[PDB]
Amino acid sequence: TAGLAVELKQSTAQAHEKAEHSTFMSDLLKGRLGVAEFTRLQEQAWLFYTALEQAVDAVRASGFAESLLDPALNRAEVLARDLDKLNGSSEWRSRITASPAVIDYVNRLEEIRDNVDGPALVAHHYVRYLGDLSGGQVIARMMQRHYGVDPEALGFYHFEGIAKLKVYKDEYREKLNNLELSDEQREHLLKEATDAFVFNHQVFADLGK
C-alpha cells in the first residue's frame, strides 16, 4: 500500500537479516579477518557482478527500467582494478574459481539475462546496488580501519560519477515506485529479491568454510 520500495524492504527483511548476520561478514567487519579474506570476497563478487551486469545490459537493452539501470553503477571493471591492487598482479583472473554458492547465483543471473526477465533483474539490482550505495561506505571504512586496505583498492565502494549520494538513493527508490508492473510481475520481483539475499548469504557461508 506504500509503494514498491517500502514493500521490497519489508518483504526481504528476514532474508536480508539472515545475510547481514553471517559469520564471515560479521568477523570481516569486526576486524577478525584480514585483507586476504576481503580479497577472496571481492574475487567472488567480481564473478557474480560480471554475471549481474550482463543481465542488467540485456534488460536495459530491452527497454525495461532504463532510468533505474544506470550504467554508472557497474562494478565489474572497478572491482577488477581493485583486485589488481589487492593481489599485486592480474594473476587472479586465471586462478579464481566460483564457489558453489556463486555457481548457483551466476546460473540464476544467466537465466535472467537470457530470459531478459526485467522484473527478476530489478530485484537482483536492488539487492546488490542499493546495498552497495547504502552500507558500502561502512564496509569501506572498516576495511581501511581494521586492515589498512588502501582506498585506491576500495574503488568498488566509491561510486565514481555520483556526487550527492543520499539524493541518488532517494531517486532510485522513486524509480522503483514508478515501475509499471502487473501483480504477477510484482510478485515475481518480490520473490526474486528474497532469493537474491538467500544467494548472498550462501556466498558468505561458503567464504566462511
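Position 1 is the first residue in the sequence shown; the rest follow in order. Just so we're on the same page, rigid core means the largest C-alpha set that superposes within 1.5 Å between forms.
**Student:** Consider 186-194 and 8-16 separately and indicate which one has Cα atoms farther, on average, from the shown form in 6 other deposited structures of this protein after rigid core alignment.
**Tutor:** Farther on average in 6 other deposited structures of this protein: 8-16.
**Student:** Determine, for stretches 43-51 and 27-35, which one has the higher mean CA B-factor as deposited.
**Tutor:** Mean B over CA atoms: larger for 27-35.
**Student:** What stretch has the higher average Cα B-factor here, 78-86 or 121-129?
**Tutor:** It is 78-86 that shows the higher mean C-alpha B-factor.
**Student:** How does the C-alpha B factor of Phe156 compare with the rest of the chain: lowest, middle or highest third?
**Tutor:** Within its chain, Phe156 is a lowest-third residue by C-alpha B-factor, going by the deposited values.
**Student:** Quick check on the deposited entry: does the C-alpha B-factor of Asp57 sit in the lowest, middle or highest third of its chain?
**Tutor:** Tercile = lowest for this residue's CA B-factor.
**Student:** By the recorded C-alpha temperature factor, relative to the other modelled residues in its chain, which third is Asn107 in?
**Tutor:** CA B-factor rank for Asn107: lowest third.
**Student:** What third of the chain does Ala19 rank in for C-alpha temperature factor, lowest, middle or highest?
**Tutor:** Highest third of the chain for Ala19's C-alpha B-factor.
**Student:** By the recorded C-alpha temperature factor, relative to the other modelled residues in its chain, which third is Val6 in?
**Tutor:** Highest third, going by the recorded CA B-factors of the chain.
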